[PDB]
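The chain below stands alone and is given as structure tokens, in the form deposited in one PDB entry.
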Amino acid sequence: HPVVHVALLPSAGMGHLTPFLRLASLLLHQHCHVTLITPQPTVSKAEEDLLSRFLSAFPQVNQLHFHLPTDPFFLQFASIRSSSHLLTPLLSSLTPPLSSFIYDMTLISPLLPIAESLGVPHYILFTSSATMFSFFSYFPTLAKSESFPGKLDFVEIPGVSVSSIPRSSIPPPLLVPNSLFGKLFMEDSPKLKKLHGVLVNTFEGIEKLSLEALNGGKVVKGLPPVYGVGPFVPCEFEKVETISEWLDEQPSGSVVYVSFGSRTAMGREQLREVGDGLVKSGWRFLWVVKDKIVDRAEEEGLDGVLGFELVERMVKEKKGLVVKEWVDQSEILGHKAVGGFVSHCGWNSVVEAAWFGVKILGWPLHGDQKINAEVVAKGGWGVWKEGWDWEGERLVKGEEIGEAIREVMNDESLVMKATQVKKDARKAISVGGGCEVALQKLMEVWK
């Protein structure tokens, strides 16, 4: 019996490894021989731990390694992109015969020629939102102007979920000429037409308009088909028990879970304004803290990071729990005791909240996080304060944070729309949904 051999190449960061491994699980449950390529060394320890648990759960995955010669994650983005065009010997000698190839969206330019020489249908996995991909697709046109970048107050793509993207929501690095992110956007987006398709962890329940505009040509004429293979359901290998038991003693829909991702640390005095606003809200909270970008370099303890003033106020309540570790976020969002999510609006944690029907308080910080926020705000199951701006540009006080939390928690209008998203997320994976329809199409082509 023949085989459908799928090779996967993720990039640095849990925001990229987690959706790739969930995609790998979906393919493995579709009887695909999966080859997973991991560049070494991995940036974070969570990437190290997740891979060791994934390959312990799926030992039939053909794992291939290779070594490599600003931000630590944005640097490994280059050491994979720039250094190792010597990825061809790993891909061109795969047995059983390769059937397809899916690589990270941040590696389009160097991997596109490698993929074209493999003679198999090749795709990208866009870990962010389809609305963000439409921005990535439409970027070469608005940068082509002489008005770029100084004169561009609004980005307007026809038919996407966010019709009017103000300058405030554009990633700051893109507005600066000769930026590393500007170099990548101009180098990759024109090469999108060479691809056989784009896979996005999203579904019609949240980005109905963006998927219809991309596949309708109304964004860029000739774009490859965009397959909404979301929502990526969290698998069992992702879990690594105080937090497990503390949530069992809290009322349902009363804990506000706060996490700003895996690769973002707040400023020390802005971080202390969060805990100030948490206790000022009178609500139970589960706050995940990061003092550094990479979890390996966590130097100082929580008593020194939060300060003696806020530490005195935290333990006086026992109403909330603060940790500075890697937690099973999908295990927290799935708990019935959680009703609110203060999130940096990274697309993985956004779709996860959509999967568990948890309303979101959006606090975007860098990059695409502001676009993903208004994508949620359009859906009616989340709020985000536009004047709070990016991380570092402003000091959001604890009084505003406390208000913004109390605003979201007692707003049942969001919950009524948060469960509707949860209902559509289940229909997306059932028979006839957008994901199962798209997966069976790609499966039949790879034979």
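One-based numbering along the sequence shown. For the two forms, the rigid core is made up of the largest set of C-alpha atoms that agree within 1.5 Å on superposition.
The form deposited in another entry is left out here; the points below concern that form.
- Following superposition on the rigid core between the shown form and the other one, the residue from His344, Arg284, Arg263, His335 with a C-alpha displacement of 2 angstroms or more is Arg263, and no other.
- Once the cores line up, the CA of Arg313 ends up 2 angstroms or more apart between the shown form and the other one.
- After superposition on the rigid core, the Cα atom of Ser84 is displaced by 2 Å or more between the shown form and the other one.
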